[PDB]
Each structure stands twice: as C-alpha cells, then as structure tokens.
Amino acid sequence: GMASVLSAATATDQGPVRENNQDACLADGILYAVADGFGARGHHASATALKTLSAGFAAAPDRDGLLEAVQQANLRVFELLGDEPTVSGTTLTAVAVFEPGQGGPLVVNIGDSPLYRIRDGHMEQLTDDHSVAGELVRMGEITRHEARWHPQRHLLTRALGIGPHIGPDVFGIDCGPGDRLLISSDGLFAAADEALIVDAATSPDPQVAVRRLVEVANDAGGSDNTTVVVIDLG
C-alpha cells in the first residue's frame, strides 16, 4: 500500500512588482510551511522563522514539539527585529502530516497564508485569516470571497515576530488518501480568476501545479510575492 505523503512540491515567485521576495517556504519530511514576511525586514522575518521552525521540529517531531517550535520561531524573530524603528514580522502556516498515532495531520497558523484542501475537483480554505477581513469571516459577517476584496484585508491581526507572545490557531486537518493540500501566501489570490487558480491547483503533477499557480498569479498582475506548497496524500 501507499505512503501518507506521495509527493510534494514548492514554488516561490517574487513577481514583477515587489522589490523583494519576503515569502519563504519549507518542505522537509512530514513538515511543510509558508511564511509571508512584511515590513522593511520581512525577508529576514520569514526566513528566520522557518529556519527556527525546522530545527525545533527536528528536535521534537510531535504536536507539542511543533507548537514549541512555533513559539521559539516567534521569540527568535522578535529578539532579532524587535528593536527596529518600524515593525517587521511574518505570517506562518505549518502542516505536519502526522500518522494517526501522533494525532493525525495538524495545521498551526498565524496570519493570512491559507491552507486549502483539494478534493474531487473542489478547493476550499480550511484556515481562518488573522486580518481585518479574515476576522469578519470568522464572525460570520462576510464571505471568503468578499474578504478577498475588502479594503482592510492587508491589515493583519496576528503575526509572528512582533512580540514575545503569540496565539496561533491549532487544529487537525480532515484529509485522507487522494486529497491534495495547498499552503499558499496571500499573493496567489491577490487578483486572478478563481477558476484559473483551481485549474492550476488541480494539475495532476504537483511540480506542474506549483509552477502553474505562480504563473496564474503573475499573469494576473503579480502585485505580491506568491509562494505555494502542494502535498499529495496517499
């Protein structure tokens, strides 16, 4: 029979507008993550977060170890960037594809880099966004689609590396053999037609999928960095 992860792929794209690629991604064993940095030192924030995350998970690869690794990533970024004259930080969305004996697949997320499940041709967002617009979705006041065009969607309500304390969301991922998971920065949904995003995201070869996802975002104007991690489950 089949492994729980069949294959995975990643892509990151600065796009034609931004002066830096302040996104970062990670694909290492059963650990997958995206971090979208912001601010003058946002690239430092996201890269440092993932380096720390990776090391902490490797030292303790279970649910509690993952959550401690996220705390350590927060602390390390805040120690390095907290004395700057303006605020820089990062989002973080991490997936660990644990076996059932370790509680099954888990997502830990802070900010607005979503996790999606792709099943039977449908793409749905599993995480809530910690942004002004995302909170209105969490309040049942606007839809995810409306949140996409909300004029305050760019304003985060939770972020890593901006203070000594963080409260990420933590939850199991309802998924199984045949599903595809996608972690993305918000650049993917900045502008493009949702149908074309789903077309790209359902490409059979995950290496093709990640390339096509970046291209869809770019073709639509590439106003932000776009980073995607695709994981095919067995």
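In this text, residue numbers run from 1 along the sequence as written.
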Exercise for the section: On mean C-alpha B-factor from the PDB entry, just flag whether 140 to 148 or 97 to 105 is the higher one. Expected result: 140 to 148
Completion exercise
Going by the entry, of stretches 107 to 115 and 78 to 86 the one with greater average Cα B-factor is 78 to 86
Practice task
Specify which of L196, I173, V34, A49 carries the largest Cα B factor in the deposited PDB entry.
Solution key: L196
Practice task
Using the B-factor values recorded in the entry, state whether the Cα atom of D128 falls in the lowest, middle or highest third among the modelled residues of its chain.
Solution key: middle
Practice task
Give the position of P206 by CA B-factor within its chain, expressed as the lowest, middle or highest third.
Solution key: highest
Fill in the blank from the handout: Tertile call for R180 (CA temperature factor, within chain, third-based) is the lowest
Fill in the blank from the handout: Entry-reported C-alpha B-factor of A45 relative to its chain, by third, is lowest
Problem - For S7, the third of its chain into which the C-alpha B factor falls - result: highest
